[PDB]
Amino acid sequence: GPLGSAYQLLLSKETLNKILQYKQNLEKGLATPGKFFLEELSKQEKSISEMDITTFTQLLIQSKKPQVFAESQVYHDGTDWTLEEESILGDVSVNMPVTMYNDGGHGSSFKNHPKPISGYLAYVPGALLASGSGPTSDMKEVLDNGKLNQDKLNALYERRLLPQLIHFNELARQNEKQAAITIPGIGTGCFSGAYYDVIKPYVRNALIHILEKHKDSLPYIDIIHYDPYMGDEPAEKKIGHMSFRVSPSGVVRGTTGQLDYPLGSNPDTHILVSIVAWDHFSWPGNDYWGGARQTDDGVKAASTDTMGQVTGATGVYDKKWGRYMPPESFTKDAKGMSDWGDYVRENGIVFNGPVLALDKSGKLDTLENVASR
């Protein structure tokens, strides 16, 4: 079979149901794919009905582009993606082991790790409440006549984050360690739209609700370091056995960065995981495919070997600028037209890896297996 993939795509049981309904609607001629999904379908040979659910899902995920800003560059009307596709893509997360080269500070605030540290990233798209065009799938889902609904937002983040929490619980267990997870203010910046001034407490409440509800499934998760940067009160509380900390590093001096061990954890006792505020439509690291070390997604990708994990190439970390650069051979000359998205174009890289679903018993399994049982 294929070579091992450094990255793994996960999704919830409810997202699998949406995928099955979509696949069946296409098979019956009730749905039209978006043009980008159609483009990826046309590069393989199978009809929708002949391909299986995992291949079908992979091809939809493959329609993502290296850099695309959901808040401003998407129409939601089939000329790019449809709302039915967007509902699915927003639920898909991706994890990968990484080397972390700095603590994740934005701009020039980053602090280099003397020795690069090992851990993991889990890219998860936030609730998309911004658009340069019409309303989004997430807006339809979590707003009632324009008002945010906490219970509906809770269910959305539950769908999106629980598969990764379950994954890293099991990974901590099999590594005979506990998990420390750093989390940013997902959805509270570029994705917040008109809700910028009110969204922050909703996200913190959603995280607390998911951890309270599922604590029995997360015995190897130990520390949750939630850093909304600004706009939430510093706090520490116990959620069952788990230490949940609200540590906004934009207002409090001397907080640990997203790509660093929170207080109480170290490499011998914990695996280190950071959630990344991702994008429905882009590859992990979005902005930084275009050379921009900007936003949680672009900063964390640039500050790790994310792009090496996705492309398979060996990049070179630049200490002065806090960013993992393309291979020296690619950068040497090239007219400076040599960022990672340029690398993708000339080497025909695609984003496509293994995908698993979280079944109703709390086990990650193949789409085929979950759908049948």
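All residue numbers are counted from 1 along the displayed sequence.
- Looking at 147-155 and 163-171 together, the entry lists the larger mean B-factor for 147-155, computed on C-alpha atoms.
- Look at the C-alpha B-factors of 70-78 and of 294-302. On average they run higher in 70-78.
- Comparing the C-alpha B-factors of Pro125, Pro184, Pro284, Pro114 in the entry, the top value falls on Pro114.
- Note on the listed residues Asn347, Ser63, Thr311, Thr57: the highest Cα temperature factor in the record is that of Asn347.
- In the PDB entry, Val203 places in the middle third of its chain by CA B-factor.
- In the PDB entry, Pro97 places in the lowest third of its chain by CA B-factor.
- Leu272: CA B factor in the lowest third of modelled residues in this chain (values from the PDB entry).
- When all modelled residues of the chain are sorted by CA temperature factor, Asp232 is found within the highest third.
- When the modelled residues of the chain are ordered by C-alpha B-factor, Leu263 sits in the highest third.
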